[PDB]
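Only one structure is covered here, and it is reproduced in the block below.
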Amino acid sequence: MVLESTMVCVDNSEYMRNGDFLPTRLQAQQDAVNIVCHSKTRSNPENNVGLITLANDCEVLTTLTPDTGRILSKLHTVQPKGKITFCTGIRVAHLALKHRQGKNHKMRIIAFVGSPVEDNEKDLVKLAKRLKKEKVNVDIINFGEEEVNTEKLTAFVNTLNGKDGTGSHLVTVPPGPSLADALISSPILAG
Amino acid sequence: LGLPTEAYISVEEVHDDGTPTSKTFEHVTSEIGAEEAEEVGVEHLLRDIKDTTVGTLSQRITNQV
Amino acid sequence: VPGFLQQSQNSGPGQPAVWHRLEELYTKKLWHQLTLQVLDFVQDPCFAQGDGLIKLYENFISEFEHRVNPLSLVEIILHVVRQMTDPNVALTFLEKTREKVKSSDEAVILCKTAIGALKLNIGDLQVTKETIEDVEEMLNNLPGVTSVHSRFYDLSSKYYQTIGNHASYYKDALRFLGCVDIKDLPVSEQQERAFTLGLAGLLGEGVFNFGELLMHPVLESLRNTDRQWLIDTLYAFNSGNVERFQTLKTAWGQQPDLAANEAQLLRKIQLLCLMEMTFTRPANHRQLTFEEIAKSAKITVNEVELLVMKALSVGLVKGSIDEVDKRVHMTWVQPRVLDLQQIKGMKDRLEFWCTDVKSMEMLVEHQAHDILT
């Protein structure tokens, strides 16, 4: 019911080529985000959801929209390539959700990360403090399991919801083959 | 003291030594044009300053200086 | 396959660890890291004579994932083909791998350049030229793919190294060094590369620059004390002094390319001497005399006219000739790189220009004040 504008962050790096997690991990993420978007549409009619693929640098594949058919249609033709850039991805996603169609909506993000991150941790916490000061709620999914833990990643999620923020999550998924959708229950079904 | 717009068209540039081929903007001539309705409206609004003196005064203020 | 790895755990020294890694990955469906370390292992054996068999292993790999930058597949295939010591098998393998990877682009070009490289070693006209010319349009608005362009321009440089067309070699080798913007390569390699590019410049039919080459800030820096003679002659070429060139005949006389090519080099030095004189004389005068040509080029007055006639024809300088008065007017000389001194002269000329402009803008405004208030 709480008007909340999210922006999915599916990844399509070359590390999706792997099938450790159902065929072609990209397929696992595809099904997961598909069910998640349906979940959001059922959360509140005015809610929207977006897709910012974490490709080489980025390409917002579909800006905020209550309708999801465009999200899923753009979700295909996402043959993976290159390596991810976490900082640029979050920054672009933030810039994008600053411009809500309905400014009453609460900003948030949900991330599907399954690659190794190459960035000093300090700048990650810097981007974290900025996102916090701008009142942003991420929900990290440590899919893919390159580190299956803090890949310089925990500090970000503690700072963002630091001081018992209860607004940011880190729902790590192990490499066991079983579509994450079954795994993720709190960030999606009920924060 | 000049036009308010600049136009640019993106083209591939091949170098004799600069080697990698990037895309650079090539400037293209631009100007301002108006249909009769726009001309009427603008000339109406331009009652904040006006000096026509199409004679030598214009061809020496609009240019030379 | 798992038996293949398990029995081949002892193919080479230190290998059981690499076999263990490969087996873990095959048991974990992690094809990208598997590919990266296949590129890792494939390098490790100094001979890798088992690579001719492992390619069957790689062929098994490239069926479930059959992607992971198939450019990487083309690369490992190339490193294996380097082992295969028969032509026809390698060429067929490359063809069928190309058809395999037809759906990536920027990998098929690698296949085509490997294909052409093989036959660069036997017969050229039918295919090599055809191979290159066919693959040219894909290199379209898609830069920063040096990964393949480096190999491209190596092949081009090598093929054009034959026949005798030096100028195309110069162009392609400049472009090759360029696409590899970073050097990170062994010293002897860049040293030989510098030598070849210098000689190509000194022999290219349609390259009279020799000013960007000399200061090419990556090549000429590694010949200052080994074959200096090349840098000496290149400076002689940039400065357009027949005298210094001739006086250095002792140096280049050894090299066969410069040994056979004398008339070409003499005419090039002469053209650059004319260009120097057109660039040294102040703009106001810039009206030479035949006798001065004959004295600064070491040619008789009778044959001077053909020199300038040709210089104009090629496109170095525009102007005319006055046979009656034995003079020549050079209305413009080809642009030439300038150091950080002539830059200051040009800036000072611009200051003079700006001062003049302001002076006379003021004159106009003041004298014309009353009307235009």
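Residue numbers (the authors' numbering), protein chains in the order written: chain b, 1 to 191; chain Z, 131 to 195; chain a, 4 to 376.
All C-beta atoms in this analysis are idealised placements derived from N, C-alpha and C, irrespective of residue type, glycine included.
Using a Cβ-Cβ cut-off of 8 Å, a:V41 does not count as an interface residue toward chain b, since no Cβ of chain b sits closer than that to its own.
Only those residues of the stretch 9–43 of chain b whose C-beta falls short of 7 Å from the nearest C-beta of chain a are listed: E14, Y15, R17, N18, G19 and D20. Under the Cβ distance rule, Z:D147 counts among the residues neighbouring chain a, one pair being separated by less than 8 Å. Collapsing the DSSP output to three states places a:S362 in a helix. Contact between a:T100 and a:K115 is ruled out by a C-beta separation of about 11 Å, above the 8 Å threshold. A residue is called buried when at least 16 other Cβ atoms come within 10 angstroms of its Cβ; b:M16 meets this threshold and is buried. Close partners of a:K103 in chain b (Cβ separation under 9 Å) are lacking, with about 16 Å as the shortest Cβ gap. Of all C-beta pairs linking the stretch 69–85 of chain a to the stretch 97–112 of chain a, three or more are shorter than 8 Å, placing the two stretches in contact.
Listed in chain order, the positions of the stretch 50–75 of chain a with a beta carbon within less than 8 Å of a beta carbon of chain b are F67, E68, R70, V71 and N72. With a threshold of 16 other beta carbon atoms within 10 Å, a:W255 meets it and is buried. About 11 Å separates the CB atoms of b:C9 and b:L61; that is not less than 8 Å, and the two are not in contact. Chain-order list of chain b residues neighbouring a:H35: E14, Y15, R17 and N18, by C-beta distance under 7 Å. b:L75 is not a Cβ neighbour of b:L97, given a cutoff of 8 Å. Each of a:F179, a:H219 and a:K32 was checked against the Cα of a:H69, and the nearest Cα belongs to a:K32.
Here the stretch 11–20 of chain a makes no contact with the stretch 183–190 of chain Z; the two share fewer than three CB pairs at distances below 8 Å. In this structure, a:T292 is the residue among a:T292, a:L56, a:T303 and a:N305 with its C-alpha nearest to the C-alpha of a:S323. In the DSSP assignment, b:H169 is bridged to b:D139. Counted as a single uninterrupted DSSP element, the beta strand (DSSP E) harbouring Z:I139 occupies residues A137 to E143. Interface annotation, Z:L131: not in contact with chain a, CB-CB separation never under 8 Å.
Residues of the stretch 18–32 of chain a whose Cβ lies closer than 7 Å to any Cβ of chain b, in chain order: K31 and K32. For the set b:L179, b:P175, b:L124 and b:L131, the Cα lying nearest the Cα of b:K152 is the one of b:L124. Between a:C182 and Z:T135, the C-beta spacing is not below 8 Å. Under the DSSP definition of a beta bridge, b:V49 partners with b:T65. Of the other Cβ atoms in all chains shown, fewer than 16 fall within 10 Å of the Cβ of Z:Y138; this residue is therefore exposed.
Chain Z places no beta carbon closer than 8 Å to that of a:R339, leaving this residue out of the contacts.
Nearest Cα to b:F156 within the set b:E146, b:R130 and b:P175: b:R130. One alpha carbon belongs to a:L8, the other to b:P177, and they sit about 25 Å apart. Put simply, the backbone Cα of a:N305 is about 12 Å away from that of a:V311. Around the beta carbon of b:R25, 16 or more other beta carbons lie within 10 angstroms, which makes this residue buried. C-alpha of b:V117 to C-alpha of b:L127: approximately 15 Å in a straight line.
Under the three-state reduction of DSSP, a:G55 is assigned to helix. Among the residues of the stretch 357–372 of chain a, those with a Cβ less than 8 Å away from any Cβ of chain Z are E364, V367, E368 and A371, in the order of the chain. Chain-order list of chain Z residues neighbouring a:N241: empty, with the shortest C-beta distance near 15 Å, by a criterion of under 8 Å. In terms of Cβ geometry, a:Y162 and a:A203 do not form a close pair [threshold 8 Å]. Per DSSP, reduced to three states, the secondary structure at a:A110 is coil, with no helix or strand assignment.
Taking a Cβ-Cβ threshold of 9 Å, the residues of chain Z close to a:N144 are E142, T151 and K153, in chain order.
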